[PDB]
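These notes concern the structure reproduced below.
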Amino acid sequence: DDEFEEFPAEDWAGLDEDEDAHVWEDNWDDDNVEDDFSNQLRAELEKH
Amino acid sequence: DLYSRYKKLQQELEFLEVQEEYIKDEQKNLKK
Amino acid sequence: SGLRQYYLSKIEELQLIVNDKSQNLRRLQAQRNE
Amino acid sequence: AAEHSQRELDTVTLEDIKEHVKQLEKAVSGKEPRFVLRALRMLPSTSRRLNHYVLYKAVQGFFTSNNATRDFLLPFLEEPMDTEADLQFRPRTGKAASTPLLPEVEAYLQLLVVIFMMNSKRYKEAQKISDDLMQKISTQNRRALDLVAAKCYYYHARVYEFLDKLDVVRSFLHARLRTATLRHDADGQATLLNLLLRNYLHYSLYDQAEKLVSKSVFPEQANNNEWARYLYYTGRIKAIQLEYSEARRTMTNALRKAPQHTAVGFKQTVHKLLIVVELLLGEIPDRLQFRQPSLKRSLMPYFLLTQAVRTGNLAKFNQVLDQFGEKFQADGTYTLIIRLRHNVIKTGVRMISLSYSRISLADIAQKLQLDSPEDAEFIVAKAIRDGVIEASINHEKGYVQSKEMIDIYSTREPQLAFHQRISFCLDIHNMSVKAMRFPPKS
Amino acid sequence: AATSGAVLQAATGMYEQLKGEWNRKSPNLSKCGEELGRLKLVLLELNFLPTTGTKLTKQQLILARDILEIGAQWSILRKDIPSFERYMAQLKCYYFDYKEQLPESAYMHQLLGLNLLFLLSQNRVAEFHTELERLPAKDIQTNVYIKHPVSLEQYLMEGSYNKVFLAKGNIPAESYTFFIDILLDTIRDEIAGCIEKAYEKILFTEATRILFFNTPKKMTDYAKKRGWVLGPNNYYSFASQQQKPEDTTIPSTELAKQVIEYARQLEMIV
Amino acid sequence: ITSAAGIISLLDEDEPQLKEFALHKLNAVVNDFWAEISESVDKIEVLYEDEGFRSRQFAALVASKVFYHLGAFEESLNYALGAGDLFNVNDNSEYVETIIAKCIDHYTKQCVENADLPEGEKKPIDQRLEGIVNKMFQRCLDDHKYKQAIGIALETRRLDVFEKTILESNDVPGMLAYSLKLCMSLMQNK
């Protein structure tokens with residue numbers, strides 16, 4: 001082993017507990033804040 | 001003394017090369 | 001004291017080469033004997 | 001109660017140390033320098049499990065001859081607290097005790113002592129012992145001694161860095177690197193190059209680091225850890241300069257070559273730099289790395305930065321920068337983030353090019369929330385020249401048309417890739433056959 | 001020593017003469033040039049460039065720093081890029097490497113900003129950023145003399161060339177005016193290169209409009225300088241085809257050599 | 001300390017006193033800035049080429065030092081030869097030792113190549129290289145280690161220095177026996 005002592009491990013000062021820790025798949029698009037695709041389709045039908 | 005050691009090492013290296021070539025040829029022919 | 005470092009450097013280079021060659025030759029000899 | 005457990009642990013550690021010196025002696029006797037690496041492998045574990053009794057017993061048992069080094073070393077060590085069950089560990093027997101120990105063994109014991117002194121928060125004596133060891137190494141000249149001197153160099157630089165005197169050791173490192181290069185020592189070359197690059201980067205002498213990298217050829221037969229360090233530092237240099245593509249390539253290689261389990265901090269640092277350089281290039285880093293348990297909390301600010309970059313919003317970007325301003329400075333990426341804060345639009349143009357085969361400049365302006373389409377045209381031209389997007393502009397109609405995708409297979413490129421990999425595999429087989437040993441004739 | 005003190009006195013006397021020659025309402029230019037030409041040689045004996053920290057005469061260090069400062073400003077006022085580079089090479093050393101004991105001047109940040117702008121004008125963005133890294137963090141976000149080159153570089157990266165073309169008017173100190181012109185010429189050249197590599201058969205609502213040429217004929221000389229065909233008016237084909245290399249010859253000798261090497265490695269006794 | 005850029009800058013200024021100051025400072029700080037000097041080494045090359053200069057030897061020495069640091073040992077040897085007496089053969093420094101070894105090897109190879117040729121086509125040998133090798137021979141003789149001098153004499157085909165070393169010694173008969181053993185031992189060229 002060649003433990004890289006020169007580079008320190010990130011400090012655990014705060015070390016806040018996991019918010020949700022859900023383990024499904026993450027994925028980027030989940031971050032998006034959409035507007036209720038149902039409402040989107042209703043608006044699309046209304047505006048034709 | 002140092003000259004003798006240096007030249008002896010040179011001769012040893014040449015002999016090792018000769019032996020290496022001979023052994024490779026011997027292996028190739030032993031396959032046949 | 002005079003031209004000793006030069007001789008020693010050449011001898012050390014030759015010794016390293018000879019050690020490597022001897023190791024390779026021993027491996028080859030083992031295979032040949034098999 | 002734990003005293004007996006500590007004593008038996010010390011005894012087993014002494015047995016391990018004796019095995020290590022036996023291995024070094026066997027290496028020297030057999031003219032197989034690579035053997036000493038087996039003993040050097042356990043350096044971290046041995047350092048972790050070292051103790052005062054261990055060090056004192058080891059030095060007493062291993063320095064019967066040439067007691068000058070015992071005189072220089074023992075005073076630093078603490079005398080055993082009225083030990084009464086001392087076994088007077090005597091590894092060297094009779095002729096072995098009388099004869100002067102080997103230079104490699106003396107260097108190894110000195111290295112153990114300096115590591116212990118460093119682990120303890122006592123750096124002055126660590127520096128003194130280190131300087132003595134380096135004088136011994138400079139005086140001596142052997143192969144296995146050079147292999148040990150590699151780690152000796154590493155810890156000497158470490159103690160000086162702790163002292164905050166990294167500048168003064170620069171000339172020492174340069175001199176030793178020159179000697180190693182003349183003597184054809186790959187391990188020493190690698191260790192000294194990595195330490196010198198670390199020295200330069202600490203003070204931000206990026207021009208000096210770049211010049212040294214350009215003029216020195218890293219050894220190919222270097223340990224994977226040294227390769228990882230070198231790749232990280234070269235990627236850092238290229239990223240600070242404007243070579244983002246090469247930086248990303250080199251740093252992906254560095255992270256790939258880093259040890260799988262350990263080196264957590266190195267992984268965090270390389271990951272942060274990779275995130276920033278990818279954002280600068282305009283791509284989007286993979287989200288899998290953002291949830292690994294080890295790299296989870298550290299990379300949260302960079303996660304938010306990537307979020308803002310993807311959903312480009314200067315308000316969110318400035319909020320994130322203002323919040324985690326100090327941590328970026330601490331970690332060494334604030335300047336790169338500042339560059340990203342103004343080259344953010346590159347990512348939007350990349351997404352537009354990826355999605356649309358032919359779009360109007362007015363539509364590009366609308367999508368990128370820019371001013372009149374002239375600014376969009378200038379941005380697109382800049383991107384095309386930079387090579388971010390393979391597209392051609394046409395203002396006689398006023399739209400950007402993406403280039404076609406060429407049939408890569410019909411080209412000779414697959415042949416080149418496969419030839420590279422075939423040569424690599426053949427070299428692997430040849431070296432794996434040469435590594436074989438048949439020992440019965442010994 | 002008495003001789004050391006006397007020669008220090010001579011050097012400071014020449015420096016005071018230069019101060020009188022320059023800091024008036026209008027420098028003599030040539031007179032200050034001769035003064036600096038002799039003061040360069042004069043400086044040699046007062047340890048011009050300490051090869052080691054070895055804290056030496058603070059008076060010598062300050063005198064050398066000031067002389068090189070005035071020399072760099074003289075070069076900029078005389079319109080001599082080589083002289084400016086030669087003076088800055090040493091001024092940077094004095095500012096960065098001996099400052100551990102020597103105090104911090106009042107022109108340090110202005111001269112560093114001058115250097116950054118000079119690098120940007122010569123289009124050495126790599127060196128620009130390498131140097132920008134040396135300076136502290138707060139000074140790159142506070143000092144008005146260091147903030148002009150940074151803003152110009154950021155706009156150049158963003159591609160908003162219009163912003164800089166209008167921001168030329170604002171200058172922290174008149175010295176920057178010289179280098180702003182070379183920066184504008186270089187930015188015009190970069191726009192031309194971007195248009196050439198990108199685009200296909202000119203347009204961009206006429207080349208003059210996007211190249212920011214006041215008169216229609218002002219771009220003709222640069223069009224002639226570059227290898228542009230000069231087709232219809234404001235219509236220069238860039239030949240982005242690059243000859244469209246389509247000829248393929250099946251490199252055969254090299255492939256045969258590669259396969260023969262494969263066979264050699266497969267058959268030879270390792 | 002650091003940078004080492006102004007010293008290089010002060011080399012194109014047409015004043016052969018600032019030029020010499022810069023050359024001396026570069027010689028002082030060459031072991032720690034060889035990479036920086038290497039990019040501009042052509043300036044020192046042109047300085048050496050210029051005969052009008054006065055510190056031609058010093059320019060040659062500094063250029064040779066930077067080239068030796070780089071790895072271009074042939075160029076370093078050539079410039080060390082041109083550097084004249086400023087190369088102090090009797091100096092215990094790594095640069096001195098490595099360049100001395102390079103000159104010895106170069107002379108050995110050239111002499112061996114020349115030996116097996118007619119006198120008409122004998123390729124010329126640089127007199128500076130000859131002088132360096134002769135100085136090393138003299139150092140051997142002064143230190144009294146005659147066997148090393150004999151060895152290098154035989155290797156370089158210098159029968160003259162071989163004879164001189166045999167005669168000027170304390171054990172003439174012993175040296176004769178040693179040389180005869182070398183001849184009727186590993187010495188193959190008939």
Side-chain angles (χ1 to χ4, degrees), chain D residues 134-135 137-141 146 149 157 160 164-186 188-189 192-220 230 233-234 237 241, chain F residues 1-11 22 24-45 61-77 79-80 87 91-106:
Chain D
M134 303 316 317
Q135 275 180 14
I137 280 143
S138 212
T139 309
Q140 258 283 274
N141 168 354
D146 206 344
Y160 259 77
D164 309 55
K165 299 153 131 46
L166 259 192
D167 39 61
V168 47
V169 58
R170 211 180 295 162
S171 96
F172 162 35
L173 293 159
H174 262 284
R176 305 257 38 81
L177 166 55
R178 190 54 34 199
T179 88
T181 302
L182 277 314
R183 278 191 331 280
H184 293 305
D185 167 25
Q189 257 179 182
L192 296 164
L193 263 65
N194 293 356
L195 290 165
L196 271 166
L197 290 162
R198 182 166 228 295
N199 242 8
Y200 284 122
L201 265 40
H202 186 65
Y203 299 98
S204 325
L205 310 166
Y206 280 106
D207 224 358
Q208 294 274 356
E210 155 54 12
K211 308 259 175 63
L212 173 57
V213 166
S214 166
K215 297 300 189 285
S216 68
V217 157
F218 205 81
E220 88 89 36
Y230 178 52
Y233 292 133
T234 43
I237 289 158
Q241 317 208 137
Chain F
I1 208 183
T2 80
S3 269
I7 316 182
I8 326 187
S9 93
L10 191 78
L11 256 78
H24 283 71
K25 204 80 79 165
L26 287 184
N27 190 84
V29 307
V30 85
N31 296 354
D32 293 359
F33 297 87
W34 53 279
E36 277 243 26
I37 312 319
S38 153
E39 290 88 12
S40 298
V41 80
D42 222 340
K43 302 196 202 307
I44 300 157
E45 300 206 294
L61 181 65
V62 167
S64 151
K65 271 169 132 179
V66 297
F67 269 80
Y68 131 81
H69 272 268
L70 279 170
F73 284 113
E74 199 68 59
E75 289 60 358
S76 198
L77 163 59
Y79 280 38
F87 187 152
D91 188 355
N92 270 30
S93 98
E94 289 215 338
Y95 160 69
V96 171
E97 243 303 350
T98 182
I99 299 316
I100 274 164
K102 295 282 164 185
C103 328
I104 299 271
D105 265 358
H106 209 54

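Each chain gets a letter, A, B and so on, in the order the sequences are listed, and its residues count up from 1.
D:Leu201 has its side chain within reach of D:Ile237: a pair of non-hydrogen atoms, C-beta onward, lies under 4.5 Å apart.
A side chain to side chain contact (heavy atoms under 4.5 Å, CB included) with D:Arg176 is found for one member of D:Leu196, D:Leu192, D:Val169, D:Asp185 and no other, namely D:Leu192.
Panel note: side chain D:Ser216, backbone D:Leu212; a donor-acceptor pair is recorded below 3.5 Å. The closest donor-acceptor contact from the side chain of D:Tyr203 to the backbone of D:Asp167 lies under 3.5 Å.
Heavy atoms of F:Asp32 lying under 4.5 Å from chain D belong to its backbone as well as its side chain. Of the two parts of D:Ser214, neither the backbone nor the side chain holds a non-hydrogen atom closer than 4.5 Å to a non-hydrogen atom of chain F.
Side-chain polar atoms of F:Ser64 and F:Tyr95 form a donor-acceptor pair below 3.5 angstrom.
By the 30° and 60° cut-offs, the orientation of the rings of F:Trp34 relative to D:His174 is perpendicular.
Close approach to chain D, defined as a heavy atom under 4.5 Å from one of its heavy atoms, is seen in F:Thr98 of residues 97-106 of chain F, taken by number.
Atom CG of residue F:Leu11 and atom CD1 of residue F:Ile37 lie 9.0 Å apart, to the nearest 0.5 angstrom.
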